[PDB]
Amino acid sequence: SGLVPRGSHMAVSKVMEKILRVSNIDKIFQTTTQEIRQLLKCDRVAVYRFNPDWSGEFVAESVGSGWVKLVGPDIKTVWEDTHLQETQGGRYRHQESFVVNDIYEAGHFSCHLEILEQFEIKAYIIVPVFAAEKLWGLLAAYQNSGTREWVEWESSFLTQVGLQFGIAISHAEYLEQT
C-alpha cells in the first residue's frame, strides 16, 4: 500500500521553496520556527546565533501562549555558555544533534539547569546550523509543559531544517557577491 505525504517532508520542502524565492532570511526564520512548532506541538522553537567569542543570542523564535517571549523589538536574550565557549561550540562543532527527553536525566551542571529552569525548559532537541564550513548557531525545539519522549522523525526533521537554515545563510552570503 501507498505511503501518504509526511508532515516533516512537506515542511522541509516548503522551506526549500522559501529559500529559492524569499531573500529576507529573518522572515524565513520567523515563519519556519512557527511551522516547526506547530508540527512538533512543542512550546518554543528558536534560532540561536553565535558571536565570534562563542557567546550568542536568540535571533528568531515561535513561542506558545503563556511562555515568555525571548525575541522581539527592544529585547535581546543572550546566553553566554562557558562550556560552549571553552570548546568552541561543543558537540555541535562536529555536526552532532542532541535529544533530551528530560533535563534532569541528562547530567547537566546545576548552573546550566538553573538557566534551563529560567526558560521553563523540560525537554529539548538541539541541532547545528552550519554556514559554509563554520558553526553559525543552533536551532532548538523545547517542551516547557513537561518531559517528552521525542521520536526519530522529530529529531531528523529538526536536523534537516537546521541544514536548510545553514544553506539559506550561506546562499545570502554568496549572492553578495554584490
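Heads up: residue numbers just count along the shown sequence, starting at 1.
Per the PDB record, of the two stretches 104 to 112 and 74 to 82, 104 to 112 carries the greater mean B-factor over its C-alpha atoms. Comparing the deposited coordinates for 126 to 134 and 149 to 157, the stretch with the larger average C-alpha B-factor is 126 to 134. Annotation for residue 95: C-alpha temperature factor in the middle third relative to the rest of the modelled chain, per the entry. In the PDB entry, a CA B factor belonging to the highest third of its chain's modelled residues is recorded for residue 118.
In the deposited entry, the Cα temperature factor of residue 65 sits in the top third of values across the chain's modelled residues.
In the deposited entry, the Cα temperature factor of residue 19 sits in the middle third of values across the chain's modelled residues. Annotation for residue 57: C-alpha temperature factor in the middle third relative to the rest of the modelled chain, per the entry.
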